[PDB]
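only geometry, no sequence info:
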Ligand code: CLA
Ligand code: CLA
Ligand code: CLA
Ligand code: CLA
Ligand SMILES: CCCCCCCCCCCCCCCC(=O)OC[C@H](COP(=O)(O)OC[C@@H](O)CO)OC(=O)CCCCCCCCCCCCCCC
Ligand SMILES: CC1=C(/C=C/C(C)=C/C=C/C(C)=C/C=C/C=C(C)/C=C/C=C(C)/C=C/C2=C(C)CCCC2(C)C)C(C)(C)CCC1
Ligand SMILES: CC1=C(/C=C/C(C)=C/C=C/C(C)=C/C=C/C=C(C)/C=C/C=C(C)/C=C/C2=C(C)CCCC2(C)C)C(C)(C)CCC1
Ligand SMILES: CCCCCCCCCCCCO[C@@H]1O[C@H](CO)[C@@H](O[C@H]2O[C@H](CO)[C@@H](O)[C@H](O)[C@H]2O)[C@H](O)[C@H]1O
Ligand SMILES: CCCCCCCS[C@@H]1O[C@H](CO)[C@@H](O)[C@H](O)[C@H]1O
Ligand SMILES: CCCCCCCS[C@@H]1O[C@H](CO)[C@@H](O)[C@H](O)[C@H]1O
Ligand SMILES: CCCCCCCS[C@@H]1O[C@H](CO)[C@@H](O)[C@H](O)[C@H]1O
Ligand code: OEX
Ligand SMILES: [Ca+2]
Ligand SMILES: [Ca+2]
Ligand SMILES: [Cl-]
Ligand SMILES: [Cl-]
Ligand SMILES: [Fe+2]
Ligand SMILES: [Mg+2]
């Protein structure tokens, strides 16, 4: 294959195909972030939906003048 | 050979040519943006932002330019109605040109990457086979996206180094591009607060930078690597398509309901504003405040801006169009010229009467007039023989306050009836139907068209997600199942755990 | 106790008759009391 | 330049041509009324 | 087969029917009483035949406000004297 | 004149129809269940006005 | 690597009478609640406060007229959660406000997700290609377009279909009168896919059944087949000749035949879904402009298209006051559109 | 067979005003809404062809 | 401040968590009690 | 019209006669297997 | 030999128990008069 | 609420009766699984 | 009739473009070595 | 122009029927 200056510079960033951490690794941490993100989406959805209604938060064109 | 629907699969193990095909796609999209902006500039009439704004003229990319701060033409005009403005290079024309040149450079890069496909960069150093390290690539790209998202937020939207964004008053009368500070309290999650858009790009930008660094530095767990087939580029296609249909549903929704990023001065008003008489309530409030301050009826109504009256008209309601009724809103009811003023109907007893407005559901609707307490007082009858509410029987008249017909009164049944028929549409306007040969049939706005296209494309992309996820997780059987599939593997009870040969 | 003592054909017959009876009751109810139009 | 080993011939058999043409033509016969409006 | 006792075994056994000749009529009677005592009406808020309208009213009790809807239903209910 | 009330309905392409609106229109209510072949008409113009093509087809 | 996850995985995939799976955790509760909500609502729950209708067995409705009806128009697109701001944790009030409608719609949606995940999971365990799930994408596009996107585009959940036989019939007629839905080429493609699918089902079944090889002595021919047999049970060659001579063309490739049987009804349903997304926005195929210009100028010009529009106008005027009670429509007799005598 | 028996006017189930309260007020069901739609269709179809109050074919 | 709807939100979140947790506790327990036989 | 009518009657008669005399020309024997069905 | 309380037992009863209850309720309804 | 007791009482006696007939085999099934 | 003036070319290209695509693929399949 | 278009598409379809039946690739038993 053809080498080039730039390809030589970028080589290390494409040299670890298939490399994995043992077992479950950071899955538990990932799960937690997924759970937080689900709740964040439910919050913003319920706000837009007026199912969750917060003081100072007027979901309307008449929010701020 | 390959069937027609598989021709592009030749790219799966050829990162150079895949990059070339992507460069070519990008070139075509940038080229589209350039061409679209040019067509719109060649057809847009900037002379009346009150009764002929961009959303009445079928403008689709112009409001997206305006939304982020491009409001002027090299020709001297601006979308807010100013004269003698100098926009610098970044006028609508400059944006279009920039997109064309970008398109060109991308095309050339595509050619280079297509010829010189066999770069050593694309080979796995240990096997010599083509390979992309997708997890690290995801980190790299996420980091980049994070820096850009953050930059956009902290510099562009804030006006720190940039123009800001389109903002307006609650009735879409005084819109302009303004610098916007981030909103860090709970109101940042209010769709109608622009400060939340700012805050979002700052915070999510930061989170993108952090997650990016994580994904650059930390390898996937073996179990997730295997489960999601992280060695197969089609897994990335599957999940990317999922993310994309999610984003598309969200933009369709925020376009339909409105938010700080889908302003009515750029896309037209929403159907819900007609549904709840939003503009009518504001108009009546203003008129009452004037009356209470000692104004005459004529003065009260003459004090209503034409733009505001224009919002209170069903011809601008995005839920009144048709799938094959093509073009700009102007092609239907015509190009709006002037507010006729507010029509007040009275019967022979001098009681004020109110025309029943058309709900969006109805292509056609009767003409029925009630008193302030909803009692029917007059109508236009179908069968005449037992009519009791005809305008003729009831002596219905109509007087105008404000607008072109201000101070005038009409008593002849044909005229009164004509105005009543217009009154079902809300406030009444004079239109030029000749310039464009308008056919008098309602069309939706860019709010409508955008919403439609994006809900449909999102729904289709769901199928895309299902198809590619399936191809990813069932790669081993996509030319068929094992010819030697033992019957006992699908026979009930033989294995304790379905399809697990260790559990006989 | 052990499966078999009560012949399956009798079970099917009795169950079926039961089904017929209840649906019959529902059709009677179409003509009397609520929903009867009377 | 060395040839690309990922190239593949493409095919469309006659039945597929006929099915394709029937699809396009019927789709046209259907949508044309709406294009003319 | 997947390990569980065949249905045809079960429903032709004496024990099944010793249990179910009690359990099946009991449930049926319970459902009957749920209606006959009038409990169902109160649980689900379904109008009895004499509770759709007040004596002289002929207008439907339609809910017209989202956030005070509960109070509106309570008011409609109060209006049946 | 599908309903026999001298109110002719246009079904053909050349007379203002598209593929979606077009039709061969049922024979006249004045005819009812009577057999109306071409030779029962005084002329093809008559046959056509009364919806003869429908019965033939 | 034998941790709790793998042990649970073991349990979930036991070859038992009703397969569970990881997908079962989503599917079973959601499907059960959706069916239970419908049975519960149609048996006991009114629509007096939301629609001014009786809708349950308790009130005197029959199987054809029971329904779980949509919430009042004033609820907008409220998720209408039991603990939400509308019902405030009050179960009786929740039923009276139409909470069972969103309960059923939402649990049903997650249940359909569960079922398609089940099709994937089982395909993967057994080792077959996942075309059954893929084909199930069409029911999903239909449910999502009709029960969610369509009313989300309109004023409120009120205009979603209500869950009941007659209620659905009302949905059909409403779509005719207000949307002219039969005129829509997306609906039309849907019709072609459904009827074409039914046609393929029938013709394929009958063809197989009538080109059977005699593989046994009996005059009832079902027993002369064995699941494990390698041989085709009917003659593709004879089938092919018969159809080539009858209809001019015939299948010759069984794999293509079966794929086509997937393709036709799945594609049809997908097209119908697209048209409904348009109707969410009233973006209808309601008119042909050329027709209307000609007709408006020429009082002798009449087509089946104009006739159908007069029918639609009748539907809107005569059905609206009772079908849309929140609008408080009062249409005096004299304004009602009517032909002579009727 | 539905079409072929409705041909002789044995029609769909009719539950118009089947549900009635204690006083005798009509309590509408979805069947009655269907009825209103059907009325729109009925009163509009063939707008010039009927001279008498009942459409008997 | 905690509005009645934010309180309600909390209640719904807690209810969901409880249903999910109870479900998984039970499934895990049963999975532990009734293990598959392997060679 | 009369010429048209006679013509059409003759055509119809011709084909109907073909149908009838045709199905009378030993049709059960026109099959691939057991022919002697008289 | 065979277990009694299985997953199948549970599924069967989650359907059959409310069904018989519901059928008793609907039966009682047939005797309600306005 | 007396109506609630009147309705649940049938089901309760049903449950209790089915436990009486199946308890010996239930304890055998469970003590086998363990 | 006052039809849309783009309908003719819309229809023509709608037919022509994909049909030509299919014809190109068909002919070059045929010309491949038998 | 419209009528010509509709009739033309139709005509192409009938021609296609002709080719698809009489000039199909013959089915061959391998
Ligand atoms: C405090 C800092 C901060 C602030 C003030 C904001 C502010 C905002 N965020 Mg951001 N965000 C932040 C940090 C912040 N963010 C961080 C750190 C992250 C993680 C990187 C995000 C990730 C994020 C996401 C993923 C989204 C937002 C969105 C928003 C906007 C929400 C209002 C809205 O229009 O919702 C509208 C959107 C919803 C209500 C979400 C609906 C979710 C759907 C219903 C789930 C189901 C999808 C499925 C396909 C639906 C199919 C069914 C249907 C078709 C029937 C608002 C500008 C939303 C947005 O972009 O709006 C335009 C959005 O989607 N943010
Ligand atoms: C997101 C996509 C999108 C959207 C929402 C808009 C929106 C708009 N465009 Mg723009 N435009 C776009 C992309 C878009 N455009 C592209 C890609 C081009 C290049 C061709 C253009 C070029 C363009 C021009 C030249 C003009 C517009 C105009 C407009 C305005 C009028 C729209 C209209 O009448 O549509 C009508 C929409 C339809 C008739 C829908 C067609 C649906 C197809 C036919 C369905 C096909 C079904 C399929 C074949 C079935 C396959 C079945 C098989 C799978 C089994 C509107 C604001 C007009 C304007 O007013 O400018 C000022 C105008 O003159 N646009
Ligand atoms: C990011 C989006 C994306 C990308 C990069 C791909 C990429 C791929 N798809 Mg997937 N797919 C997607 C989204 C995507 N798809 C979506 C949204 C759907 C549902 C519509 C599908 C449904 C799908 C199926 C059923 C199949 C694929 C297949 C493929 C592979 C071969 C495609 C090919 O050779 O077609 C060649 C295409 C042509 C020669 C002509 C297509 C003409 C189209 C149909 C009409 C005109 C399209 C127009 C130019 C598009 C304008 C842009 C649009 C956004 C408006 C390729 C890896 C195939 C595969 O898996 O091979 C193993 C395959 O069978 N895709
Ligand atoms: C397991 C499958 C399943 C799924 C997917 C759903 C889904 C749904 N249910 Mg259903 N339901 C289920 C089983 C399920 N249910 C069961 C088994 C029952 C019987 C108890 C019910 C009874 C039920 C009722 C009575 C209602 C619903 C409703 C709903 C909807 C609203 C749910 C919600 O907002 O949760 C919010 C909670 C979560 C999403 C939990 C997320 C878990 C997080 C990530 C963990 C962190 C929690 C945190 C640490 C706790 C802090 C709490 C503290 C601050 C107080 C949603 C569609 C509502 C509805 O349909 O309205 C129309 C409704 O009224 N469900
Ligand atoms: C005896 C009941 C007959 C009912 C009417 C006919 C049903 C079957 C006809 C369908 C034709 C399909 C095209 C040919 C399909 C075809 O070729 O069939 C072939 C198939 C198999 O043929 P065999 O030659 O093996 O057997 C038929 C004879 O030769 C006798 O052995 O025929 C049958 O299975 C007959 C079944 C009789 C019993 C069927 C009852 C099914 C319906 C029961 C009533 C339900 C009504 C519900 C209303 C709510
Ligand atoms: C080379 C070069 C250059 C140039 C460039 C250029 C000139 C470019 C252009 C470009 C362009 C100019 C492009 C364009 C594009 C476009 C597109 C890409 C489009 C597409 C479209 C579509 C795809 C559509 C579709 C559709 C239809 C048609 C109908 C309706 C529906 C839909 C929408 C689907 C320069 C000098 C700069 C420099 C460098 C070199
Ligand atoms: C909603 C809800 C819920 C749930 C509930 C449930 C889950 C329920 C279930 C329920 C059920 C589960 C019920 C059932 C029922 C059943 C029935 C009612 C049946 C009937 C049947 C019949 C009547 C039959 C008929 C027939 C047929 C079908 C065919 C054959 C013949 C005959 C005619 C016999 C909860 C609490 C969670 C929460 C709150 C809300
Ligand atoms: C109203 C329409 C006229 C109705 C008349 C009905 C009258 C009933 C008797 C009709 C005469 C039947 O005459 C019938 O036709 C021809 C005449 O050569 C005979 O001849 C036929 O015999 C063999 C039978 O294997 C055929 O293969 C052969 O092609 C043909 O020649 C039939 O064997 C004879 O049975
Ligand atoms: C592609 C050709 C490049 C032509 C560049 C013209 C620059 S034009 C120049 O730009 C400045 C920033 O926009 C403005 O401040 C200034 O008013 C304007 O005249
Ligand atoms: C590639 C050739 C295109 C070169 C176009 C350069 C436009 S440059 C542009 O010109 C305007 C004059 O009206 C000024 O208002 C503006 O400030 C200036 O940037
Ligand atoms: C004889 C009619 C006298 C009253 C005038 C009609 C109502 S107002 C009228 O409405 C038209 C659309 O129909 C517009 O095109 C026009 O601009 C406007 O004058
Ligand atoms: O024709 Mn046709 O439609 Ca059987 O009803 Mn009578 O007629 Mn007429 O009216 Mn209704
Ligand atoms: Ca004109
Ligand atoms: Ca009484
Ligand atoms: Cl008619
Ligand atoms: Cl008459
Ligand atoms: Fe088959
Ligand atoms: Mg009764």
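Ah, there it is. Residues are numbered from 1 along each chain as shown, chains lettered A, B, ... in the order given. Ligands and ions are numbered 1, 2, ... in the order given.

For the closest residue to chain I within chain E, grab phi and psi.
Across chain E, the shortest distance to chain I (Cβ to the nearest Cβ) belongs to residue E:67, at 9.4 Å. To be clear about C-beta, it is placed using only N, CA and C from the backbone, and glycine gets the same treatment. Main-chain dihedrals, residue E:67, degrees, to the nearest 10: phi -90, psi -20.

any idea how far chain F is from it?
47 Å (Cβ to the nearest Cβ, to the nearest Å).

Just to check, that residue is in contact with residue G:85?
Yes. The criterion here is Cβ atoms under 8 Å, and residue E:67 meets it with residue G:85 at 5.9 Å.

Between the two, which is the more surrounded one?
residue G:85 (22 against 16; other Cβ atoms under 10 Å in any protein chain shown).

Give me the nearest residue to that one, chain neighbours excluded.
residue I:5 (4.6 Å; Cβ to Cβ, 6 or more residues apart in numbering or on different chains).

which residues touch the closest residue to ligand 7 within the stretch 1-150 of chain G?
Nearest to ligand 7, among the residues of the stretch 1-150 of chain G, is residue G:36, at 2.6 Å (Cβ to the nearest ligand atom). Residue G:36 makes contacts with residue K:18, as judged by Cβ atoms under 8 Å, 6 or more residues apart in numbering or on different chains.

Can you tell me the centre-most residue of chain H?
Taking Cα atoms, centre = their mean, the centroid of chain H lies closest to residue H:35, which sits 5.2 Å from it.

so what's that residue up against?
residue H:16.

What segments of chain N are strands?
Shown for chain N, no strands are assigned by DSSP state E.

How many neighbouring residues does residue 5 have?
All of this refers to chain A. Under the neighbour criterion other Cβ under 10 Å, residue A:5 is assigned a count of 7.

my bad, the chain I had in mind was chain M
By other Cβ under 10 Å, the residues close to residue M:5 number 10.

Against chain G, how distant is it?
With Cβ to the nearest Cβ as the criterion, residue M:5 and chain G are 11 Å apart.

out of everything not next to it in sequence, what's closest to residue G:313?
Nearest residue to residue G:313, sequence neighbours excluded (Cβ to Cβ, 6+ apart): residue G:337, at 5.5 Å.

in what helix or strand does the residue most central in space within chain J lie?
The residue lying closest to the centre of chain J (Cα atoms, centre = their mean) is residue J:19, at 1.6 Å. Element membership of residue J:19 [criterion: DSSP states H and E] is helix J:2-23.

Distance from that helix to the middle of the chain?
10 Å (Cα atoms, centre = their mean, to the nearest Å).

just to revisit the earlier point, surely the residue nearest to residue G:313 meets residue G:317?
Yes. Taking contacts as Cβ under 8 Å, residue G:337 lies within contact range of residue G:317: 5.3 Å.

Looking at these two, which is more packed in?
For the pair residue G:337 and residue G:317, the greater number of neighbours falls to residue G:317 (26 against 20), based on other Cβ under 10 Å.

From the contact counts, what lies against the helix or strand containing that one?
Assessed by DSSP H and E, residue G:317 sits inside helix G:304-323. Helices and strands touching helix G:304-323, as assessed by 3 or more Cβ pairs under 8 Å, 6 or more residues apart in numbering or on different chains; DSSP states H and E, comprise helix G:165-179, helix G:289-297, helix H:30-44.
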